[PDB]
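Note: the block below is coords33.pdb and it holds PDB, C-alpha atoms.
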ATOM      1  CA  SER A   1      25.783   5.854  -0.068  1.00  0.00           C
ATOM      2  CA  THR A   2      22.044   6.558  -0.266  1.00  0.00           C
ATOM      3  CA  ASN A   3      19.954   7.910  -3.108  1.00  0.00           C
ATOM      4  CA  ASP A   4      18.645  11.473  -3.251  1.00  0.00           C
ATOM      5  CA  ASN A   5      15.047  10.617  -2.225  1.00  0.00           C
ATOM      6  CA  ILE A   6      16.347   9.110   1.006  1.00  0.00           C
ATOM      7  CA  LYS A   7      18.394  12.289   1.615  1.00  0.00           C
ATOM      8  CA  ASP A   8      15.284  14.502   1.284  1.00  0.00           C
ATOM      9  CA  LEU A   9      13.507  12.220   3.771  1.00  0.00           C
ATOM     10  CA  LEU A  10      16.388  12.402   6.257  1.00  0.00           C
ATOM     11  CA  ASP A  11      16.336  16.226   6.037  1.00  0.00           C
ATOM     12  CA  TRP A  12      12.571  16.349   6.428  1.00  0.00           C
ATOM     13  CA  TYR A  13      12.134  13.884   9.309  1.00  0.00           C
ATOM     14  CA  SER A  14      15.264  14.766  11.294  1.00  0.00           C
ATOM     15  CA  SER A  15      14.216  18.434  11.614  1.00  0.00           C
ATOM     16  CA  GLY A  16      11.681  19.314  14.285  1.00  0.00           C
ATOM     17  CA  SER A  17       8.018  20.218  14.243  1.00  0.00           C
ATOM     18  CA  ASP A  18       6.172  23.380  15.269  1.00  0.00           C
ATOM     19  CA  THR A  19       3.871  23.274  18.287  1.00  0.00           C
ATOM     20  CA  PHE A  20       1.317  25.940  19.237  1.00  0.00           C
ATOM     21  CA  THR A  21      -1.592  25.447  21.618  1.00  0.00           C
ATOM     22  CA  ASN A  22      -4.846  27.376  21.917  1.00  0.00           C
ATOM     23  CA  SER A  23      -4.378  29.290  18.692  1.00  0.00           C
ATOM     24  CA  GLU A  24      -7.314  31.118  17.144  1.00  0.00           C
ATOM     25  CA  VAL A  25      -8.856  30.691  13.700  1.00  0.00           C
ATOM     26  CA  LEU A  26      -8.871  33.911  11.669  1.00  0.00           C
ATOM     27  CA  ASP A  27     -10.018  32.545   8.275  1.00  0.00           C
ATOM     28  CA  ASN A  28     -10.801  29.145   6.762  1.00  0.00           C
ATOM     29  CA  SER A  29     -10.897  28.728   3.004  1.00  0.00           C
ATOM     30  CA  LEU A  30     -10.759  25.653   0.768  1.00  0.00           C
ATOM     31  CA  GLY A  31      -7.393  23.951   1.266  1.00  0.00           C
ATOM     32  CA  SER A  32      -6.064  26.303   3.946  1.00  0.00           C
ATOM     33  CA  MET A  33      -6.498  28.166   7.226  1.00  0.00           C
ATOM     34  CA  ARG A  34      -5.113  31.431   8.629  1.00  0.00           C
ATOM     35  CA  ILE A  35      -4.506  31.150  12.370  1.00  0.00           C
ATOM     36  CA  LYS A  36      -3.299  33.506  15.099  1.00  0.00           C
ATOM     37  CA  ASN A  37      -1.026  31.983  17.722  1.00  0.00           C
ATOM     38  CA  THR A  38      -0.919  33.242  21.325  1.00  0.00           C
ATOM     39  CA  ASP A  39       2.600  34.631  20.879  1.00  0.00           C
ATOM     40  CA  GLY A  40       1.280  36.944  18.183  1.00  0.00           C
ATOM     41  CA  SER A  41       2.484  35.150  15.060  1.00  0.00           C
ATOM     42  CA  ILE A  42       0.224  34.127  12.170  1.00  0.00           C
ATOM     43  CA  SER A  43       0.235  30.608  10.698  1.00  0.00           C
ATOM     44  CA  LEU A  44      -0.822  29.924   7.078  1.00  0.00           C
ATOM     45  CA  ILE A  45      -1.452  26.186   6.868  1.00  0.00           C
ATOM     46  CA  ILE A  46      -2.340  24.226   3.762  1.00  0.00           C
ATOM     47  CA  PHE A  47      -4.642  21.189   3.711  1.00  0.00           C
ATOM     48  CA  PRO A  48      -4.397  19.331   0.373  1.00  0.00           C
ATOM     49  CA  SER A  49      -6.671  16.375   1.220  1.00  0.00           C
ATOM     50  CA  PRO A  50     -10.419  16.166   0.526  1.00  0.00           C
ATOM     51  CA  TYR A  51     -10.667  13.637   3.387  1.00  0.00           C
ATOM     52  CA  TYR A  52      -9.180  16.013   5.965  1.00  0.00           C
ATOM     53  CA  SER A  53     -10.674  19.445   5.385  1.00  0.00           C
ATOM     54  CA  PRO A  54     -10.701  21.279   8.768  1.00  0.00           C
ATOM     55  CA  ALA A  55     -14.119  22.863   9.326  1.00  0.00           C
ATOM     56  CA  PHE A  56     -13.288  25.184  12.236  1.00  0.00           C
ATOM     57  CA  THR A  57     -14.862  28.628  11.955  1.00  0.00           C
ATOM     58  CA  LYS A  58     -13.428  32.049  12.752  1.00  0.00           C
ATOM     59  CA  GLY A  59     -12.897  32.522  16.492  1.00  0.00           C
ATOM     60  CA  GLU A  60     -12.510  28.815  17.362  1.00  0.00           C
ATOM     61  CA  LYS A  61      -9.509  27.564  19.307  1.00  0.00           C
ATOM     62  CA  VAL A  62      -7.149  24.977  17.804  1.00  0.00           C
ATOM     63  CA  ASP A  63      -3.857  23.167  18.455  1.00  0.00           C
ATOM     64  CA  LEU A  64      -0.991  22.910  15.957  1.00  0.00           C
ATOM     65  CA  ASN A  65       1.472  19.965  15.801  1.00  0.00           C
ATOM     66  CA  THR A  66       2.695  20.683  12.308  1.00  0.00           C
ATOM     67  CA  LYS A  67       5.725  21.046  10.064  1.00  0.00           C
ATOM     68  CA  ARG A  68       7.064  24.162   8.326  1.00  0.00           C
ATOM     69  CA  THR A  69       7.289  24.062   4.526  1.00  0.00           C
ATOM     70  CA  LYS A  70       9.632  27.061   4.347  1.00  0.00           C
ATOM     71  CA  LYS A  71      11.319  29.761   6.419  1.00  0.00           C
ATOM     72  CA  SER A  72       9.043  32.074   8.413  1.00  0.00           C
ATOM     73  CA  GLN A  73       8.779  35.674   7.251  1.00  0.00           C
ATOM     74  CA  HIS A  74       8.722  39.114   8.917  1.00  0.00           C
ATOM     75  CA  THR A  75       6.321  41.244   6.856  1.00  0.00           C
ATOM     76  CA  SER A  76       5.909  44.963   6.164  1.00  0.00           C
ATOM     77  CA  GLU A  77       3.003  45.103   8.637  1.00  0.00           C
ATOM     78  CA  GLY A  78       5.544  43.765  11.143  1.00  0.00           C
ATOM     79  CA  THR A  79       3.772  40.421  11.240  1.00  0.00           C
ATOM     80  CA  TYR A  80       5.646  37.165  11.775  1.00  0.00           C
ATOM     81  CA  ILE A  81       4.238  34.504   9.460  1.00  0.00           C
ATOM     82  CA  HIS A  82       4.728  30.726   9.575  1.00  0.00           C
ATOM     83  CA  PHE A  83       4.146  28.477   6.522  1.00  0.00           C
ATOM     84  CA  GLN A  84       3.043  25.014   7.611  1.00  0.00           C
ATOM     85  CA  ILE A  85       1.208  21.918   6.375  1.00  0.00           C
ATOM     86  CA  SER A  86      -1.582  19.941   8.093  1.00  0.00           C
ATOM     87  CA  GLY A  87      -1.597  19.167  11.844  1.00  0.00           C
ATOM     88  CA  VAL A  88      -4.567  21.149  13.160  1.00  0.00           C
ATOM     89  CA  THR A  89      -6.826  19.549  15.809  1.00  0.00           C
ATOM     90  CA  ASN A  90      -9.281  20.594  18.541  1.00  0.00           C
ATOM     91  CA  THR A  91      -7.947  21.542  22.027  1.00  0.00           C
ATOM     92  CA  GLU A  92      -9.381  18.634  24.074  1.00  0.00           C
ATOM     93  CA  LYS A  93      -7.001  16.998  26.560  1.00  0.00           C
ATOM     94  CA  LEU A  94      -7.110  13.492  28.037  1.00  0.00           C
ATOM     95  CA  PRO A  95      -7.554  12.973  31.840  1.00  0.00           C
ATOM     96  CA  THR A  96      -3.924  11.801  32.126  1.00  0.00           C
ATOM     97  CA  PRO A  97      -1.104  11.604  29.538  1.00  0.00           C
ATOM     98  CA  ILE A  98      -0.728   8.208  27.872  1.00  0.00           C
ATOM     99  CA  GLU A  99       2.142   6.336  26.286  1.00  0.00           C
ATOM    100  CA  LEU A 100       1.466   5.086  22.776  1.00  0.00           C
ATOM    101  CA  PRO A 101       2.325   1.389  22.221  1.00  0.00           C
ATOM    102  CA  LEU A 102       5.134   1.559  19.654  1.00  0.00           C
ATOM    103  CA  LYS A 103       7.010  -1.645  18.820  1.00  0.00           C
ATOM    104  CA  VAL A 104      10.016  -1.242  16.542  1.00  0.00           C
ATOM    105  CA  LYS A 105      11.849  -3.933  14.582  1.00  0.00           C
ATOM    106  CA  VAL A 106      15.056  -3.383  12.626  1.00  0.00           C
ATOM    107  CA  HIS A 107      15.998  -6.193  10.238  1.00  0.00           C
ATOM    108  CA  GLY A 108      13.598  -8.553  12.037  1.00  0.00           C
ATOM    109  CA  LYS A 109      15.241  -7.928  15.406  1.00  0.00           C
ATOM    110  CA  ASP A 110      13.359  -5.903  18.081  1.00  0.00           C
ATOM    111  CA  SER A 111      14.835  -2.428  18.691  1.00  0.00           C
ATOM    112  CA  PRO A 112      14.060  -0.686  22.031  1.00  0.00           C
ATOM    113  CA  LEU A 113      12.704   2.873  22.304  1.00  0.00           C
ATOM    114  CA  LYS A 114      14.474   5.951  23.686  1.00  0.00           C
ATOM    115  CA  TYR A 115      12.814   9.252  24.583  1.00  0.00           C
ATOM    116  CA  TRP A 116       9.438   8.161  23.110  1.00  0.00           C
ATOM    117  CA  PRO A 117       7.193  10.927  24.573  1.00  0.00           C
ATOM    118  CA  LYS A 118       3.805  10.758  26.268  1.00  0.00           C
ATOM    119  CA  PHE A 119       0.790  12.529  24.782  1.00  0.00           C
ATOM    120  CA  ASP A 120      -1.959  14.460  26.547  1.00  0.00           C
ATOM    121  CA  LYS A 121      -4.145  15.334  23.558  1.00  0.00           C
ATOM    122  CA  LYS A 122      -7.367  13.499  22.740  1.00  0.00           C
ATOM    123  CA  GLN A 123      -6.796  13.692  18.991  1.00  0.00           C
ATOM    124  CA  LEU A 124      -3.738  13.843  16.718  1.00  0.00           C
ATOM    125  CA  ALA A 125      -3.603  14.212  12.948  1.00  0.00           C
ATOM    126  CA  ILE A 126      -2.211  11.160  11.151  1.00  0.00           C
ATOM    127  CA  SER A 127       0.594  13.336   9.671  1.00  0.00           C
ATOM    128  CA  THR A 128       1.597  14.271  13.230  1.00  0.00           C
ATOM    129  CA  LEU A 129       1.757  10.586  14.232  1.00  0.00           C
ATOM    130  CA  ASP A 130       3.753   9.924  11.060  1.00  0.00           C
ATOM    131  CA  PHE A 131       6.382  12.525  11.973  1.00  0.00           C
ATOM    132  CA  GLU A 132       6.591  11.501  15.617  1.00  0.00           C
ATOM    133  CA  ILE A 133       7.115   7.854  14.640  1.00  0.00           C
ATOM    134  CA  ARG A 134       9.642   8.563  11.868  1.00  0.00           C
ATOM    135  CA  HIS A 135      11.492  11.109  14.007  1.00  0.00           C
ATOM    136  CA  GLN A 136      12.003   8.418  16.672  1.00  0.00           C
ATOM    137  CA  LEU A 137      13.193   6.066  13.892  1.00  0.00           C
ATOM    138  CA  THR A 138      15.728   8.542  12.433  1.00  0.00           C
ATOM    139  CA  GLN A 139      17.152   9.800  15.696  1.00  0.00           C
ATOM    140  CA  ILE A 140      17.329   6.533  17.595  1.00  0.00           C
ATOM    141  CA  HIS A 141      17.244   3.690  15.054  1.00  0.00           C
ATOM    142  CA  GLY A 142      19.278   5.058  12.156  1.00  0.00           C
ATOM    143  CA  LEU A 143      16.489   5.373   9.602  1.00  0.00           C
ATOM    144  CA  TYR A 144      17.716   7.039   6.342  1.00  0.00           C
ATOM    145  CA  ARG A 145      21.267   7.505   7.650  1.00  0.00           C
ATOM    146  CA  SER A 146      22.816   4.600   5.712  1.00  0.00           C
ATOM    147  CA  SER A 147      21.885   2.360   2.752  1.00  0.00           C
ATOM    148  CA  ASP A 148      20.809  -0.591   4.903  1.00  0.00           C
ATOM    149  CA  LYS A 149      17.934   1.367   6.534  1.00  0.00           C
ATOM    150  CA  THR A 150      15.889   2.983   3.788  1.00  0.00           C
ATOM    151  CA  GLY A 151      12.485   1.256   3.791  1.00  0.00           C
ATOM    152  CA  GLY A 152       9.774  -0.519   5.749  1.00  0.00           C
ATOM    153  CA  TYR A 153       6.476   0.789   7.102  1.00  0.00           C
ATOM    154  CA  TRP A 154       4.562   1.746  10.231  1.00  0.00           C
ATOM    155  CA  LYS A 155       1.057   0.467  10.918  1.00  0.00           C
ATOM    156  CA  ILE A 156      -1.521   1.688  13.425  1.00  0.00           C
ATOM    157  CA  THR A 157      -4.270  -0.752  14.378  1.00  0.00           C
ATOM    158  CA  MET A 158      -7.361   0.638  16.042  1.00  0.00           C
ATOM    159  CA  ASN A 159      -9.532  -1.255  18.542  1.00  0.00           C
ATOM    160  CA  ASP A 160     -12.087  -2.093  15.826  1.00  0.00           C
ATOM    161  CA  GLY A 161      -9.371  -3.616  13.677  1.00  0.00           C
ATOM    162  CA  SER A 162      -9.265  -0.788  11.136  1.00  0.00           C
ATOM    163  CA  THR A 163      -5.722   0.180  10.096  1.00  0.00           C
ATOM    164  CA  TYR A 164      -3.556   3.079   8.904  1.00  0.00           C
ATOM    165  CA  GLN A 165      -0.128   2.540   7.450  1.00  0.00           C
ATOM    166  CA  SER A 166       2.625   4.438   5.687  1.00  0.00           C
ATOM    167  CA  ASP A 167       5.562   3.326   3.501  1.00  0.00           C
ATOM    168  CA  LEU A 168       8.914   4.541   4.963  1.00  0.00           C
ATOM    169  CA  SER A 169      10.640   4.750   1.566  1.00  0.00           C
ATOM    170  CA  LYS A 170       8.352   7.608   0.523  1.00  0.00           C
ATOM    171  CA  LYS A 171       7.151  10.898   1.974  1.00  0.00           C
ATOM    172  CA  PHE A 172       3.841  10.788   3.870  1.00  0.00           C
ATOM    173  CA  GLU A 173       0.936  11.144   1.404  1.00  0.00           C
ATOM    174  CA  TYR A 174      -0.474  14.504   2.475  1.00  0.00           C
ATOM    175  CA  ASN A 175      -2.853  14.686  -0.506  1.00  0.00           C
ATOM    176  CA  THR A 176      -4.922  11.739   0.763  1.00  0.00           C
ATOM    177  CA  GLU A 177      -4.516  12.189   4.541  1.00  0.00           C
ATOM    178  CA  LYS A 178      -7.467  10.896   6.618  1.00  0.00           C
ATOM    179  CA  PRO A 179      -9.054  12.881   9.509  1.00  0.00           C
ATOM    180  CA  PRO A 180      -7.399  13.039  12.986  1.00  0.00           C
ATOM    181  CA  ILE A 181      -7.898  10.048  15.279  1.00  0.00           C
ATOM    182  CA  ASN A 182      -8.626   9.487  18.980  1.00  0.00           C
ATOM    183  CA  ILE A 183      -5.310   8.265  20.288  1.00  0.00           C
ATOM    184  CA  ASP A 184      -6.834   6.366  23.217  1.00  0.00           C
ATOM    185  CA  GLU A 185      -8.531   4.063  20.665  1.00  0.00           C
ATOM    186  CA  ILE A 186      -5.163   2.960  19.249  1.00  0.00           C
ATOM    187  CA  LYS A 187      -4.541  -0.707  20.014  1.00  0.00           C
ATOM    188  CA  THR A 188      -1.076  -1.154  18.524  1.00  0.00           C
ATOM    189  CA  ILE A 189       1.559   0.769  16.522  1.00  0.00           C
ATOM    190  CA  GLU A 190       4.246  -1.285  14.793  1.00  0.00           C
ATOM    191  CA  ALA A 191       7.277  -0.015  12.851  1.00  0.00           C
ATOM    192  CA  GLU A 192       9.651  -2.146  10.804  1.00  0.00           C
ATOM    193  CA  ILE A 193      12.818  -1.006   9.093  1.00  0.00           C
ATOM    194  CA  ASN A 194      13.799  -3.239   6.177  1.00  0.00           C
TER     195      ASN A 194
END
If you took the structure in this file and wrote it as structure tokens, what would it be?
Amino acid sequence: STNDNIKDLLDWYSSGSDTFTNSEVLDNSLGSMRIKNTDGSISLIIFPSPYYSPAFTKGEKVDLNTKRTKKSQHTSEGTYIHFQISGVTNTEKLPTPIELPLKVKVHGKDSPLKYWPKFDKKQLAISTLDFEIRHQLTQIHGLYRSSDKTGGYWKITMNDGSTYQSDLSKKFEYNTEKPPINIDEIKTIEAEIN
């Protein structure tokens, strides 16, 4: 059996993420943005961190690799609205898609990857990297599914030696999220399930 916190995490990380490219900024206020996607829907995205406060202005183009916080709504004006959190970056692409170096260890023993995707974007929000990593861990390596796989961490080491890490026993800390990073400057990504 697992505890309730672990169950929330399984529900959160096993679900998918929303992806929209070349969306347009409609409004940008403190802690949020209103964006129009190319399919016609509107996205209301919250940004709770002072360290990652998107500064895009009305009319600019952005990419979304985000998660929904609740069910989308059809409004009176006939508008389809999405409610999401974080995950907004510029639209710059890399010359050729790259494969991020992810090494996974379960109980000290190396655990091979399956369906780890390639990325073609120059920058990704840390929350986006967090969900991609944990999603791989829950679908392929059993994270959160049983009591023997409920903790650990992931750590990203940049070329300059600076690091980013997240504790797997807790939800990603959105309130203190740092700004998006250049993925081609990532030296190593390690994930360990205790």
Residue nearest residue 173 in chain A - candidates A:48, A:97, A:40, A:31, atoms counted: all atoms listed in the file: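 Closest residue, counting all atoms listed in the file: A:48.
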One-decimal distance in Å that lies between CA of residue 129 in chain A and CA of residue 157 in chain A: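 Going from CA of residue 157 in chain A over to CA of residue 129 in chain A covers 12.8 Å.
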Hits from the PyMOL selection byres ((chain A and resi 168) around 9), listed as number ranges by chain: A: 134, 143, 150-154, 166-167, 169-172, 192-193
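Separating CA of residue 156 in chain A from CA of residue 126 in chain A is a distance of 9.8 Å.
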Polymer residues at most 10 Å from range 84-93 of chain A, all atoms listed in the file, same-chain spacing of 5 or more positions, as an MDAnalysis selection string: chainID A and resid 17:23 31:33 43:49 52:54 56 60:72 119:129 174 177 179:181
Of the listed residues A:42, A:145, A:34, A:132, that which approaches residue 8 in chain A most closely, counting only C-alpha atoms: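 Closest residue, counting only C-alpha atoms: A:145.
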Point-to-point distance from CA of residue 55 in chain A to CA of residue 117 in chain A, Å rounded to tenths: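 It comes out at 28.8 Å.
Candidate residues A:178, A:162, A:50, A:144 were compared for distance to residue 9 in chain A, and the nearest is A:144, using all atoms listed in the file.
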Expected selection from the PyMOL selection byres ((chain A and resi 142) around 12), given as a list in words: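 Applying the expression gives residues 10, 13, 14, 105, 106, 107, 111, 134, 135, 136, 137, 138, 139, 140, 141, 143, 144, 145, 146, 147, 148, 149, 150, 151, 193 and 194 of chain A.
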Dump as a short mmCIF file (atom, residue, chain, number, x, y, z; two decimals), in the coordinates of the input, selection limited to C-alpha atoms:
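The resulting file, out32.cif, is reproduced below:
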data_model
loop_
_atom_site.label_atom_id
_atom_site.label_comp_id
_atom_site.auth_asym_id
_atom_site.auth_seq_id
_atom_site.Cartn_x
_atom_site.Cartn_y
_atom_site.Cartn_z
CA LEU A 10 16.39 12.40 6.26
CA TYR A 13 12.13 13.88 9.31
CA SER A 14 15.26 14.77 11.29
CA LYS A 105 11.85 -3.93 14.58
CA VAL A 106 15.06 -3.38 12.63
CA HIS A 107 16.00 -6.19 10.24
CA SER A 111 14.84 -2.43 18.69
CA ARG A 134 9.64 8.56 11.87
CA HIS A 135 11.49 11.11 14.01
CA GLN A 136 12.00 8.42 16.67
CA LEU A 137 13.19 6.07 13.89
CA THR A 138 15.73 8.54 12.43
CA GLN A 139 17.15 9.80 15.70
CA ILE A 140 17.33 6.53 17.60
CA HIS A 141 17.24 3.69 15.05
CA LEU A 143 16.49 5.37 9.60
CA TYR A 144 17.72 7.04 6.34
CA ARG A 145 21.27 7.50 7.65
CA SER A 146 22.82 4.60 5.71
CA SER A 147 21.88 2.36 2.75
CA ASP A 148 20.81 -0.59 4.90
CA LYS A 149 17.93 1.37 6.53
CA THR A 150 15.89 2.98 3.79
CA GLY A 151 12.48 1.26 3.79
CA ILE A 193 12.82 -1.01 9.09
CA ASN A 194 13.80 -3.24 6.18
#
Non-local contacts of residue 187 in chain A (7 Å; all atoms listed in the file; under 2 positions in same chain excluded) as number ranges by chain: A: 157-159, 185
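Considering the residues A:73, A:4, A:58, A:118 and counting all atoms listed in the file, residue 101 in chain A has its shortest atom-to-atom contact with A:118.
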Which of A:26, A:191, A:81, A:133 sits closest to residue 59 in chain A [using only C-alpha atoms]: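 Going through A:26, A:191, A:81, A:133 one by one, the smallest distance to residue 59 in chain A is for A:26.
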Starting from the incomplete input, reconstruct N, CA and C atoms of range 126-141 of chain A and write that as a PDB file, in the coordinates of the input.
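What follows is the written file selection13.pdb:
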ATOM      1  N   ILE A 126      -3.027  12.294  11.563  1.00  0.00           N
ATOM      2  CA  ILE A 126      -2.211  11.160  11.151  1.00  0.00           C
ATOM      3  C   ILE A 126      -0.804  11.621  10.717  1.00  0.00           C
ATOM      4  N   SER A 127      -0.708  12.804  10.101  1.00  0.00           N
ATOM      5  CA  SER A 127       0.594  13.336   9.671  1.00  0.00           C
ATOM      6  C   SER A 127       1.484  13.608  10.886  1.00  0.00           C
ATOM      7  N   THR A 128       0.874  14.003  11.997  1.00  0.00           N
ATOM      8  CA  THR A 128       1.597  14.271  13.230  1.00  0.00           C
ATOM      9  C   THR A 128       2.144  12.958  13.784  1.00  0.00           C
ATOM     10  N   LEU A 129       1.319  11.909  13.771  1.00  0.00           N
ATOM     11  CA  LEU A 129       1.757  10.586  14.232  1.00  0.00           C
ATOM     12  C   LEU A 129       2.880  10.084  13.331  1.00  0.00           C
ATOM     13  N   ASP A 130       2.743  10.321  12.023  1.00  0.00           N
ATOM     14  CA  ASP A 130       3.753   9.924  11.060  1.00  0.00           C
ATOM     15  C   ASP A 130       5.099  10.607  11.393  1.00  0.00           C
ATOM     16  N   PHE A 131       5.098  11.916  11.662  1.00  0.00           N
ATOM     17  CA  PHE A 131       6.382  12.525  11.973  1.00  0.00           C
ATOM     18  C   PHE A 131       6.963  12.133  13.319  1.00  0.00           C
ATOM     19  N   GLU A 132       6.105  11.907  14.307  1.00  0.00           N
ATOM     20  CA  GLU A 132       6.591  11.501  15.617  1.00  0.00           C
ATOM     21  C   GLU A 132       7.250  10.115  15.513  1.00  0.00           C
ATOM     22  N   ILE A 133       6.590   9.198  14.811  1.00  0.00           N
ATOM     23  CA  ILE A 133       7.115   7.854  14.640  1.00  0.00           C
ATOM     24  C   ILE A 133       8.431   7.889  13.864  1.00  0.00           C
ATOM     25  N   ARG A 134       8.426   8.512  12.684  1.00  0.00           N
ATOM     26  CA  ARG A 134       9.642   8.563  11.868  1.00  0.00           C
ATOM     27  C   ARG A 134      10.783   9.318  12.536  1.00  0.00           C
ATOM     28  N   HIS A 135      10.458  10.356  13.298  1.00  0.00           N
ATOM     29  CA  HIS A 135      11.492  11.109  14.007  1.00  0.00           C
ATOM     30  C   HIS A 135      12.200  10.178  14.999  1.00  0.00           C
ATOM     31  N   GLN A 136      11.429   9.383  15.736  1.00  0.00           N
ATOM     32  CA  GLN A 136      12.003   8.418  16.672  1.00  0.00           C
ATOM     33  C   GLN A 136      12.909   7.432  15.892  1.00  0.00           C
ATOM     34  N   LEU A 137      12.443   6.995  14.725  1.00  0.00           N
ATOM     35  CA  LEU A 137      13.193   6.066  13.892  1.00  0.00           C
ATOM     36  C   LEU A 137      14.511   6.658  13.363  1.00  0.00           C
ATOM     37  N   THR A 138      14.508   7.926  12.942  1.00  0.00           N
ATOM     38  CA  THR A 138      15.728   8.542  12.433  1.00  0.00           C
ATOM     39  C   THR A 138      16.715   8.934  13.522  1.00  0.00           C
ATOM     40  N   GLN A 139      16.220   9.378  14.665  1.00  0.00           N
ATOM     41  CA  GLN A 139      17.152   9.800  15.696  1.00  0.00           C
ATOM     42  C   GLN A 139      17.746   8.646  16.482  1.00  0.00           C
ATOM     43  N   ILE A 140      16.909   7.664  16.793  1.00  0.00           N
ATOM     44  CA  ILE A 140      17.329   6.533  17.595  1.00  0.00           C
ATOM     45  C   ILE A 140      17.681   5.247  16.847  1.00  0.00           C
ATOM     46  N   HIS A 141      17.012   4.956  15.744  1.00  0.00           N
ATOM     47  CA  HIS A 141      17.244   3.690  15.054  1.00  0.00           C
ATOM     48  C   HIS A 141      17.964   3.755  13.708  1.00  0.00           C
TER      49      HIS A 141
END
